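Novice: Handing you a structure now.
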2 protein chains.
Amino acid sequence: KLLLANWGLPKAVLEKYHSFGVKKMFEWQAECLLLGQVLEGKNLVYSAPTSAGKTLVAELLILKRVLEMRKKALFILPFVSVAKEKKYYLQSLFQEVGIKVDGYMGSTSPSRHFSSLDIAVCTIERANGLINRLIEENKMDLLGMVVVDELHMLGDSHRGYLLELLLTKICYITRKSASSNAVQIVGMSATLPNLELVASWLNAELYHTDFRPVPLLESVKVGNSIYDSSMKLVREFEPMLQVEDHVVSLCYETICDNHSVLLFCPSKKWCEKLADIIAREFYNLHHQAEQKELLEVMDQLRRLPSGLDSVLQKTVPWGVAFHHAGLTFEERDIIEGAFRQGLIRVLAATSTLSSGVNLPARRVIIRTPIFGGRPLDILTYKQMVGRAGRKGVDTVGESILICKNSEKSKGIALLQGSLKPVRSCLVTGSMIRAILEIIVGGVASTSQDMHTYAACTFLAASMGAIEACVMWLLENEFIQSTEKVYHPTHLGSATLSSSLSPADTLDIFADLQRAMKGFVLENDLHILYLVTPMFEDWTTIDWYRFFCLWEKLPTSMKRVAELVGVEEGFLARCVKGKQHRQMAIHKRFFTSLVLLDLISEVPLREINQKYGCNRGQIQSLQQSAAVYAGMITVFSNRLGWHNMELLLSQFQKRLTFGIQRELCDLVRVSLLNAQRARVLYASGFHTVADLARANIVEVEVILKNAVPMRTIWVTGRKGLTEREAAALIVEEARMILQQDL
Amino acid sequence: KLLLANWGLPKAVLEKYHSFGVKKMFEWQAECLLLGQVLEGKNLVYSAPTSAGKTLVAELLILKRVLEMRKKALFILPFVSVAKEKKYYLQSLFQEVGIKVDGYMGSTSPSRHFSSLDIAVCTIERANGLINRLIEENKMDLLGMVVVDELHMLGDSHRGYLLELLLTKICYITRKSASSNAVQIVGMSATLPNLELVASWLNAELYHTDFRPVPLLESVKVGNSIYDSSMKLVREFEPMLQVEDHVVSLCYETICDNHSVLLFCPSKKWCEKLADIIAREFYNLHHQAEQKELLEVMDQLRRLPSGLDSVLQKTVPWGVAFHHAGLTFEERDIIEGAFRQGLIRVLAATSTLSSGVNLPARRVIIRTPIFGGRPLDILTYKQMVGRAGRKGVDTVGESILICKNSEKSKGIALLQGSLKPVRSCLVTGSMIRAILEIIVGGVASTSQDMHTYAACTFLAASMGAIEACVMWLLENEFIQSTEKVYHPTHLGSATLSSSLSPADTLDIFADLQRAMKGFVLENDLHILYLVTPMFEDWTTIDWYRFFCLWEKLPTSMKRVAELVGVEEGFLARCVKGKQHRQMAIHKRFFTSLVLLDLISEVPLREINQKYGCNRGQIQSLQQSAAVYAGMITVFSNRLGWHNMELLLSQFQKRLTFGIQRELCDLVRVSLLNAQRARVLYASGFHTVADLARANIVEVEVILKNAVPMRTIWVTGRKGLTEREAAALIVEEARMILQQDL
C-alpha cells in the first residue's frame with residue numbers, strides 16, 4: 001500500500017510523477033487521505049511543513065474527484081507568480097490525461113470559456129469573482145471541489161478575507177441544498193495553533209503533522225559561537241577566511257561542501273551590497289588575486305528589456321547573484337531558475353522571497369531579526385526557513401539567524417515562538433461585500449435567511465451588527481427596499497459582476513459618471529486615468545522630478561489634468577515648502593503618466609531614468625493596473641454604459657504587455673511579451689492571422705536581430721533556443737486560428 | 001447576324017436573357033458594337049432613347065471585356081435606387097457564370113474585398129472613392145473597363161462633376177502609360193447635341209441614334225382639343241364621363257383599352273388629391289353608385305413599419321395609387337413593383353419618378369408645364385415621357401401635356417426644344433478636389449505634368465487658373481512645398497482616402513478637433529452630431545415644435561447642445577420674432593436629434609407625429625447620414641485618431657438600418673431591415689452566429705406575430721412568402737458563417 005502505483009492514478013500521471021522524481025509517498029499523506037470520509041465527499045483541512053510536500057494530498061484528492069465525478073474544480077493561490085508556476089506544473093501534469101487547466105491571474109483570462117475549462121488555477125481575487133459568476137446563473141453544479149491554499153492567510157491579510165468569504169459562501173450553498181457533499185473544500189496551512197476551530201468551521205476532519213523529509217535545526221549565533229534553540233551550543237563558530245558579523249564565512253562553509261546558501265537581506269539597498277561583497281570575497285579566496293552554463297545564464301540577461309544590471313555584472317559570473325522586489329519581473333525567474341539547477345550558490349534576497357516560489361537551499365541565513373524597522377513576524381518566519389533541506393539530496397537543513405547586542409532577546413523569540421491564531425477580519429468594509437455577494441446573486445432573499453448566513457461565517461463558528469449594515473446598503477442605493485425582501489439595483493448588480501469592493505464603487509460610480517461632462521480622446525491619459533487602481537506604496541514619489549515633467553508635458557496632456565482635478569497651480573509647488581483626496585488624485589495622475597509611457601513602449605531603462613521608479617515597481621504596477629481596467633470595463637458593461645466600455649475594452653491588454661494598438665492581435669501569442677512582437681511587427685507581419693502562415697526560416701533571422709544555445713526566454717518554460725521559440729511562435733499562432741472559430 | 005445566339009455569349013447568359021424577354025437583336029446596337037475598333041479596347045460614348053434599351057450595349061461590351069481579358073470592372077449609376085436595381089439585375093444575370101458583382105451604394109459596403117469583386121455597381125460618389133483607392137496602392141491593373149451612365153449629367157449637377165473628374169483621371173492614367181487600350185470607358189446618354197465633343201474628349205468614336213422600338217407622339221391640349229407638336233390637330237378631345245382640365249377624362253380613355261397611365265403631378269399635395277379623385281370617380285363611373293392580387297398588394301402595405309397611409313387606403317383597392325418623394329422608401333418599391341406587373345392602373349407622381357427606375361405606361365400625362373414654381377427643364381422632359389410605350393406590348397406611346405391660358409407658349413417650348421449642351425463645371429470648389437485626387441495619389445508629382453493633366457480635362461478639350469489653385473492647397477496645409485515638387489500631408493492624405501471634398505474637410509478638421517477636447521458618452525448625441533452631413537433641404541423645420549422638444553429633452557442631452565455651440569438662450573426664440581454658421585449648427589443639431597430616435601427604434605409613425613418630418617424625408621436622411629459616418633470614420637483613421645474612430649466605428653451600420661447595438665450582428669443578414677430582427681432578437685436569438693443554426697420551423701411562428709401568400713417584403717426580390725423568407729433568413733445567415741472565415 002506504501003507506493004503510488006497501488007493508489008488509483010492514471011498511467012500518464014504516474015509516469016509524469018516519475019519524471020518529477022516523486023516516487024515515494026509519505027506515510028502522513030497516506031494516513032491522512034485514508035483517514036475518515038474525506039474521499040467520498042467530506043471536506044478536509046490539514047497542515048504540514050512546506051518542504052514536507054503539502055501539494056501531494058491536494059493533487060491526489062482533486063485527481064480522484066475529477067476521475068470519479070465529472071465536475072469542474074478550483075485552485076485558490078495567493079500570488080500571481082506562484083499561481084503561474086502552479087498552473088504550468090498542473091498543465092504539464094494533466095496534458096495527456098485530459099483535464100485541461102487554465103488560470104485567472106488578474107489580467108490574463110483563458111481564451112476558452114469556463115464550461116470547457118476544468119481546473120481554474122487562479123488567485124483569490126479572481127476565484128471569488130468566478131464563484132460569484134457561477135452562483136449568478138444557477139450553474140454551480142459544475143463546481144465539485146474547491147482547493148484553497150494557506151488558510152492561515154484568511155485572517156489579517158489584504159486578500160485572505162476574500163478566501164474566507166468564498167469558503168463561507170460555499171458552505172452556505174452546501175447547507176442550503178440539504179433542505180454526500182455537493183462541493184468539497186480542501187486546503188493546506190502552516191503550523192496553525194487553532195486549526196481545529198477552522199476545520200470544524202467547515203465541518204472538516206482535522207489532521208496536523210510536523211513530519212519533515214529532512215531534519216531541520218535552527219541556530220542563533222552569539223559573537224563567535226552558535227547557539228541552538230533550547231539554550232544549547234551545538235557548534236563552535238570559527239571563521240576560515242575573511243577580508244563580529246562574519247556574514248561571508250557561513251556561505252564559505254557550505255560553498256566548500258558543494259551546496260547553496262540563501263542570504264536573506266532586510267532592505268532594497270542591503271541586497272546589492274551583500275551579494276557584491278561575497279563575489280568580491282570570491283576574487284581572492286578562490287583565485288589568489290559550471291562556467292560554461294553560468295555564462296549562458298549571464299547571456300540570458302543580456303537581451304532582456306532592461307539588459308543586465310550593473311550590480312549584477314560584477315557578481316553573476318562567479319555563482320553569486322541577488323533577487324529582491326526591485327528587480328525585473330523577468331530577471332526574477334531566471335535568477336530563481338538557475339538556483340533550482342544549482343548554477344548560483346548564494347542569493348541576497350528580501351522578505352518577499354519567503355512567500356514566493358520554492359527555492360531549496362541547504363543553509364538559510366537571516367541577517368537581522370528586524371526587517372524593515374519592525375520585528376520579524378512569526379508567520380513569515382515559518383516559511384522563511386522552511387526551504388532548508390532538499391528532498392533526497394541534503395541530509396540536514398539549517399538556519400543561522402544573526403543577532404547582535406540586545407536584539408538577541410527579540411531575535412530568540414521567533415525560535416521558541418508559535419504562529420499566531422487566525423482571525424476573521426469581520427462596521428467592517430470586509431463584510432459589506434460578504435452579504436452583497438449573496439443578496440444580489442439571488443441565493444438568499446429573506447432577511448431571516450440572511451441572518452442564518454451570518455451563522456455560517458467564520459465569526460459565528462469562532463464562538464449583532466450584521467442586520468444594521470444592510471441598512472448601510474439600503475442608504476447607498478445598492479439594495480432597493482420592498483415588502484423584508486431585498487432586491488438588487490443597477491449599481492448593486494454591477495459591483496458583484498465586476499468583483500469590486502463596495503467601498504471603492506461609491507467613488508468610481510461618481511468618478512466614471514464625471515467622465516461624461518468632459519472627455520478627451522487624442523491621448524490615452526484620461527482613459528488611463530480611469531484604470532489606475534490607487535497609489536498604495538508602489539513607489540516613493542519625487543516631487544521635483546514631476547515638476548520638470550509637468551512643464552514638458554504636451555498641451556494635449558495638460559488638458560486631462562485640469563479635467564480630473566489636478567491643478568497646474570498646485571503640482572509639486574506647496575509640497576516642497578511643506579487634502580487626503582487630492583494626493584489620491586495627483587498620485588492617480590502620476591500612475592496614469594507612467595502607464596502612458598508603458599503603453600507607448602518606452603524602454604524600461606529610459607523610463608527608470610526618467611520616472612525615478614525602478615523596474616521592480618513598474619512591472620508590479622502595470623500588472624495591478626491591468627486588472628483594474630478589466631474590472632472597470634465589466635463594471636461599465638453591467639451599468640448600461642456601452643460607450644465607456646468601447647474605449648476601455650482594449651486597455652486591459654495594452655497595460656498587461658506594454659504594447660500599442662497595432663500589436664494587440666500579435667500579442668495574443670503568449671511568447672511575444674513586449675519586444676518579440678515589435679520587431680516581428682516591423683517584419684511585415686501585422687496580424688496573428690497571417691502569422692500562423694509565416695515561413696519558419698523567415699522568423700529566425702528577424703528575431704535574432706534587435707538585441708538590447710538557449711538564449712531566448714519565454715515565461716513558464718525557463719530558457720529556450722532561438723530556433724525552437726520561433727518554431728513555437730508559429731505553432732502557437734497556428735492553434736489559435738481554428739480553436740477560437 | 002441580327003440574333004443574340006450568333007453573338008458570342010455564355011449559353012446560360014443567353015437563356016437568362018430569353019427569360020427576360022429580350023431575344024430580338026436590334027440594328028443600331030449591332031452596328032454600334034461592330035463599328036470601328038470598340039471591341040478591341042477603344043472606349044465609346046453613344047446616345048440612345050431610354051426605352052430603346054441603352055443598357056444592353058454596355059452589357060455586351062462588359063461581357064466581351066470580361067471574357068476576353070480577366071479584369072475587374074466598374075459600373076457607375078445615377079442614384080442609390082437605380083444602382084441597387086441594376087446590381088440586382090446584374091447579379092441575377094451573372095449568378096452561374098462566375099462574375100460575382102456587388103455594389104457600393106453609399107452606406108452599404110461589400111462583405112468581400114474588391115480583389116474577389118468583379119463588377120462594382122456603385123454610384124458616382126463611391127465609384128470615385130473606389131478608383132482613388134485603386135490608384136493609391138498601384139493596383140490599377142485590375143481596372144480594365146469602366147461603365148459610366150448619363151454623361152449628360154456630368155454638366156450642371158451636384159455629383160456629375162465627380163464623374164467628369166473620374167473620367168479625366170482615367171484618361172490621364174491611360175495616356176501616361178503610353179510613354180490596344182489600358183482601360184475601356186463606355187457610357188450612354190440622352191439626345192445630347194454636343195456628344196461629338198464629349199466623345200472626342202475621351203478620344204471615343206461617336207454614334208447617336210433616335211431609333212425607338214415603338215413610336216412616341218407628343219401632344220398639347222387646347223380647350224377641348226389636342227394639338228400635335230408641329231401645329232397639327234391629330235385628334236378632337238371629347239370627354240366621356242366626368243363629375244377645361246378634364247384630367248380624369250384622358251385616363252378614362254386608356255382604362256377602357258386595358259392599359260395603364262402615369263399622371264405626373266407638381267407637388268406632394270397635388271399627388272394625394274389627384275389620385276384620390278380618380279379613385280373617387282372610379283367609384284361612380286364603374287359601380288353605378290385583379291381584385292385578388294390587388295388585395296395582396298394592399299396586404300403587403302399593412303405590416304410595413306409605417307403601416308398603410310390613410311390617403312392610400314381610399315384609393316389602392318381600385319387600381320389607383322400614388323407615389324411621390326414623401327412616401328416611404330419601402331412603399332415606393334411595392335407601388336412601383338405592382339405597376340410593372342399591371343396590378344395598378346393610375347399613378348400620381350412627382351418629378352422624382354422621371355430619373356428613377358423604368359415605369360412603362362401607354363399614356364403619360366403631365367399636369368402643368370410649371371413644376372415647383374419654375375419652368376420644366378428640357379433634360380428631365382426628354383426622360384420624362386421616355387417610358388411611353390411598352391416594348392412588344394403597346395403599338396403606340398403618347399404624352400399629353402396639359403397647358404392653360406398663356407402657359408401654352410411656355411409649354412410648347414418643351415416640345416420643340418433640344419437638350420442643352422453639357423458643360424464642365426470647372427476658383428472652383430469642384431476642381432480643388434480634381435488635382436488633389438491626383439497629386440496626393442502619387443500618380444503626378446512634377447508641376448509641369450500637373451499642368452499637362454489640366455490638358456486632359458473636359459474644359460481643355462472643350463476649346464490659366466489651374467496653377468493658382470495649388471497655391472490655395474499650399475495655404476491650407478493640404479500640400480507641403482518642397483523643391484517644384486508637391487508631396488501630400490497628413491490632412492491631404494486623409495481627405496483623398498475618405499473621399500470628402502476639400503471644402504468640407506476644413507470645417508470637419510476643426511469640428512472633429514473641438515470634440516477632441518471635450519466629449520460626452522452616456523448618450524449617442526455627440527457622436528451623432530459629428531455624422532450628420534448637413535441640413536440641405538431635407539425638410540422645412542418647425543421652430544415652435546422644436547422649442548417644446550427643447551424643454552422635454554433630458555438634462556444629459558442638454559449638455560451636448562451647449563458643447564457644440566447650440567444655445568439654450570437662443571433656440572426657437574429669436575426666429576419666432578424675426579448667423580449663417582449658427583443655423584448650420586441648429587439644423588445640424590436637429591438632424592442629430594431625429595437620428596437619435598432613428599437609432600432608438602422609435603416607430604416612424606410616432607416619429608412623423610413628433611418630428612413633423614414625413615417618412616419620405618426620414619429614410620432619405622438616414623441613408624445620407626449613414627454615408628457620412630462611414631466617411632468621418634475613415635477620415636479619422638488616416639489622421640491618426642484611433643479613439644474617435646472607435647466611437648464612430650459602429651455608427652454607420654446603426655444609421656443605415658435604424659437599429660441598436662444589440663441587433664448590430666443580427667442585421668448583417670440583408671433580410672432583417674428594422675423589425676424582422678427586433679422580434680427575432682426577443683425570440684432568444686442575439687447573434688448571427690447561432691442564428692445560422694436556428695430551427696427552421698421555430699422562426700416561422702415568431703415572424704408571423706408583431707404585425708403593425710407573399711405578404712412579407714424583402715428589398716431586391718419584391719414580395720416573398722413567410723415560409724420562404726424565414727427559410728432564406730437562416731440560409732443567408734448560414735453562408736455568412738464560413739465565407740467570412
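For the C-alpha cells, the naming scheme is as follows: chains receive sequential letters (A, B, ...) according to their order of presentation, residues are indexed from 1 within each chain, and ligands are indexed from 1 in presentation order.
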Set the cut-off to 7 Å and count only C-alpha atoms: what are the residues of chain A that reach chain B? Output as a ChimeraX atom specification.

Specialist: /A:516-522,641,643-644

Novice: Using only C-alpha atoms, determine which residues lie at most 8 Å from residue 327 (chain B), disregarding the query and same-chain residues fewer than 3 positions distant; provide the list as a list in words.

Specialist: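 My reading of the contact set: residues 323, 324, 331, 332, 614, 615 and 616 of chain B.
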
Novice: Could you name the residues that touch residue 97 (chain B) at 9 Å or less, counting only C-alpha atoms, but leaving out those on the same chain fewer than 3 positions away, as a list in words?

Specialist: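 The residues that qualify are residues 10, 12, 13, 93, 94 and 100 of chain B.
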
Novice: Using only C-alpha atoms, can you tell me which of B:416, B:624, B:6, B:619 comes closest to residue 24 (chain B)?

Specialist: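 Result for the nearest residue to residue 24 (chain B): B:6.
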
Novice: Write out as JSON, numbers by chain which residues come within 6 Å of region 258-275 of chain A when counting only C-alpha atoms, dropping same-chain ones fewer than 2 positions away.

Specialist: {"A": [254, 255, 256, 277, 278, 345, 346, 347, 348, 349, 350, 361, 362, 363, 364, 365, 366, 367, 371]}

Novice: Write out as a ChimeraX atom specification each polymer residue whose atoms come within 8 Å of residue 714 (chain A), counting only C-alpha atoms; drop sequence neighbours fewer than 5 positions from it.

Specialist: /A:671,719-720

Novice: Store the residues picked out above in a file with N, CA, C and O atoms, as a PDB file, in the first residue's frame.

Specialist:
```
ATOM      1  N   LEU A 671       4.157  33.993 -26.398  1.00  0.00           N
ATOM      2  CA  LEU A 671       5.609  34.059 -26.491  1.00  0.00           C
ATOM      3  C   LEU A 671       6.108  35.407 -26.994  1.00  0.00           C
ATOM      4  O   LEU A 671       7.314  35.569 -27.206  1.00  0.00           O
ATOM      5  N   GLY A 719      14.536  29.012 -20.074  1.00  0.00           N
ATOM      6  CA  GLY A 719      15.148  29.405 -21.322  1.00  0.00           C
ATOM      7  C   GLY A 719      14.756  28.504 -22.476  1.00  0.00           C
ATOM      8  O   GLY A 719      14.352  27.356 -22.301  1.00  0.00           O
ATOM      9  N   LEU A 720      14.881  29.049 -23.685  1.00  0.00           N
ATOM     10  CA  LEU A 720      14.576  28.316 -24.902  1.00  0.00           C
ATOM     11  C   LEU A 720      15.545  28.736 -25.996  1.00  0.00           C
ATOM     12  O   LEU A 720      16.077  29.849 -25.980  1.00  0.00           O
TER      13      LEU A 720
END
```

Novice: Please identify which residues in region 584-725 of chain A DSSP calls strand (DSSP E) from the backbone, and express them as a list in words.

Specialist: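 Filtering region 584-725 of chain A to strand (DSSP E) leaves residues 712, 713, 719 and 720 of chain A.
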
Novice: Residues within 10 Å of residue 379 (chain B), please, as a count of residues only. Count only C-alpha atoms; anything in the same chain fewer than 4 positions from it doesn't count.

Specialist: 13

Novice: Please measure the separation of CA of residue 493 (chain B) and CA of residue 554 (chain A), giving the value in Å to one decimal.

Specialist: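 If I compute the distance from CA of residue 493 (chain B) to CA of residue 554 (chain A), I get 24.8 Å.
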
Novice: I want to know what sits within 7 Å of residue 208 (chain B), based on only C-alpha atoms, with residues of the same chain fewer than 3 positions away left out; could you give that as a VMD selection string?

Specialist: chain B and resid 46 to 48

Novice: Could you check the closest approach to residue 629 (chain A) for each of A:38, A:234, A:439, A:531 and tell me which residue wins, using only C-alpha atoms?

Specialist: A:531

Novice: Would you work out the distance separating CA of residue 461 (chain B) from CA of residue 175 (chain B), expressed in Å to one decimal?

Specialist: 14.4 Å

Novice: As a count of residues only, which residues of region 420-499 of chain B does DSSP assign to alpha helix (DSSP H)?

Specialist: 43

Novice: Measuring atom to atom with only C-alpha atoms, identify which of A:665, A:127, A:628, A:89 is nearest to residue 687 (chain A).

Specialist: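 The answer is A:665, which sits nearest to residue 687 (chain A).
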
Novice: For each of B:136, B:149, B:201, B:535, take the minimum atom-to-atom distance to residue 455 (chain B), counting only C-alpha atoms, then give the residue where this is smallest.

Specialist: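 Using only C-alpha atoms, the shortest distance to residue 455 (chain B) belongs to B:201.
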